[PDB]
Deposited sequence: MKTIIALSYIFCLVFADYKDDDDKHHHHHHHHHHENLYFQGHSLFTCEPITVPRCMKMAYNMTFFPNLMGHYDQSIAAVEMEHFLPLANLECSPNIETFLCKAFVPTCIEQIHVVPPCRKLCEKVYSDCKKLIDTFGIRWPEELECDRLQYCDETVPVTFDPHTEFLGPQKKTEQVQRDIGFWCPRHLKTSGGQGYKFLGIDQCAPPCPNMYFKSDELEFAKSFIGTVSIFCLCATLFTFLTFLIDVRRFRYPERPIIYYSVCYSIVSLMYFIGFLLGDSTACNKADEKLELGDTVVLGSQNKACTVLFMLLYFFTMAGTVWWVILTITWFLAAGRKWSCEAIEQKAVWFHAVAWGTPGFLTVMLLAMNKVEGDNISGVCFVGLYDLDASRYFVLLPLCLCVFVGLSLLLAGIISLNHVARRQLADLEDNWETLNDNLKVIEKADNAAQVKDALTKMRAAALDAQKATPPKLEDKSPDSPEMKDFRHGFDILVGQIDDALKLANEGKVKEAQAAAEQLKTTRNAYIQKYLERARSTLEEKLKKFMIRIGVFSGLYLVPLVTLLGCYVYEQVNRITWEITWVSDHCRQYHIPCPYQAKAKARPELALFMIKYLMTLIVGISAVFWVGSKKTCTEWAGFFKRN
């Protein structure tokens, strides 16, 4: 026999995706997976969550606008991250207010009920709800990728603030264009579908091809490149930090060797201290604009002069030559040390801020991605138990091979709708 769709729930209208394989089948406006009372609880649950996520993302949008400036371009992609999730939080508010008015149409009364989900872009007031949610969701993800690009550029490649700012047109072209390139593809083959839990249109809910390729794949690709640049940035700054650490150790042994010479006598320990200072000066010079290493060259040359005058049996003159190093030491290298103490000031202020922001955005997203892959591995089974559990009231579809029982758990979908909104409140901890 095969698969069948009942005479009830027939569209005869704007065809889109074929439900359960057969053409012109479509799903009902009552979702009938969690029927009766708890569907309306989920409607109030989405409205409850959408208020709090509106009050933590739009609240930031008016907060960054008080200063506007003073947040540099390696602070910038988050102001457009929150704008992108300002829209996304508000469309779920639109879905709560409307209910089931334009998320699906009641159609005509030629058939029994006529309540069916709209598919495709044949009807207005639903493709608009796809345009502003999906485009500003994919943008919100890639702006986070841009923020990891800017973090890697400013911590791994040692780019300045203005050098990255020169590429602001290039970042906006990708971050508004790559979701813009995708949001015009979906309109071409009208893979947009409706919704019933939250009255907003989105893609990949009732299909296995749209969610896997155009929703699951781009977030997983954006996460993979995001962690790759973040892990590259954290390891480049960790190594930078080691150069400053051992250069400061060389400066410390230089300093306390000068101290132990300047309060001692005899011609024995002065040579031993000069040996250690020469080793430290060579190490600091090779650690490493040309004026700094030129100053190191003059420094180790004066160390050489002190060694020459100390091997001749002179102590007080060697002491004066040793204390003469401060004049060429303070005015040549110490300025660069304060510069590194003013520009490396500290990227941990960004490292902590990106670490917290990525930390409170990834684990809701991985949980959200976890439910996407949970939907993908079980949607085929979920549809076949639905058609078998309700084969009594309708004309009996597919009595053959109708032996499967895996009821979906309600504690998974509202988590997916939760984690779709909790990702947007991660910008309040930045401000």
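K.L.:
What gaps appear when the modelled C-alpha atoms are mapped onto the deposited sequence?
P.N.:
Unmodelled stretches, in sequence order: 1-179, 419, 469-481, 538, 626-641.
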